[PDB]
């Protein structure tokens, strides 16, 4: 804990219960393509991996690009608003932000992440919001960008996240990793990456920093 000076957060599945809008964007896509929708558990599994990778599991390769386009057509206009903070997230942020600069590090596009944080009234708790871009296509690149822009050594940061992508991102960049299990990733997966701390409830996070 003691060397940490900055705290990074994943957005979807960690701060934000975006599941209704993500689910709806997927099912809108399958409706438009005229194909049966996978079940809710399967679609839960699509919350975290790249969109193209998920659609590859259930569509022909020649249809992925069309699927991604249609998905984004629902998500930008509708899905993004079908989202709500997880319980106690405001409490967690108020508490941590009073002792640390906080950053979002997501593979959602920067502008989408900024829009969502402003919509859900949490934008103001952060000193930076970093999403995917040409500079940063994957989780590790986003973390690199956050660290470098804020003149941080990896030893000074920790990511609070709900997926294997967050855990691997942390390992690749040398920052600490705090796994959370109230979100979209499964605890069994997260523990395979040896997190530095784990929480099933937002206020449990706070104890690490005491």
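Numbering follows the first chain given and starts at 1.
Asks: Is the mean CA B factor in the deposited entry higher across 25 to 33 or across 45 to 53?
Replies: If you average the C-alpha B-factors of 25 to 33 and of 45 to 53, the larger mean comes out for 45 to 53.
Asks: Highest mean C-alpha temperature factor of the two stretches 89 to 97 and 72 to 80, which is it?
Replies: If you average the C-alpha B-factors of 72 to 80 and of 89 to 97, the larger mean comes out for 72 to 80.
Asks: From 157, 64, 142, 167, can you pick the one with the highest C-alpha B factor in the entry?
Replies: 64 has the highest C-alpha B-factor of those listed.
Asks: Split the chain's modelled residues into thirds by Cα B-factor; is residue 18 in the lowest, middle or highest one?
Replies: Lowest third of the chain for residue 18's C-alpha B-factor.
Asks: Would you mind checking where the Cα B-factor of residue 136 ranks among the modelled residues of its chain, as the lowest, middle or highest third?
Replies: Answer is highest: the recorded C-alpha B-factor places it there.
Asks: Pull the Cα B-factor of residue 12 out of the PDB entry and bin it into the chain's lowest, middle or highest third.
Replies: It belongs to the middle third of the chain when residues are ordered by C-alpha B-factor.
Asks: Looking at the entry's B-factor column for C-alpha atoms only, identify whether residue 150 ranks in the lowest, middle or highest third of its chain.
Replies: For residue 150, whose C-alpha B-factor we compare with every modelled residue in the chain, the answer is the middle third.
Asks: Splitting the chain's C-alpha B-factors into thirds, which one does residue 191 fall into?
Replies: Ranked within chain, residue 191 CA B lands in the middle tercile.
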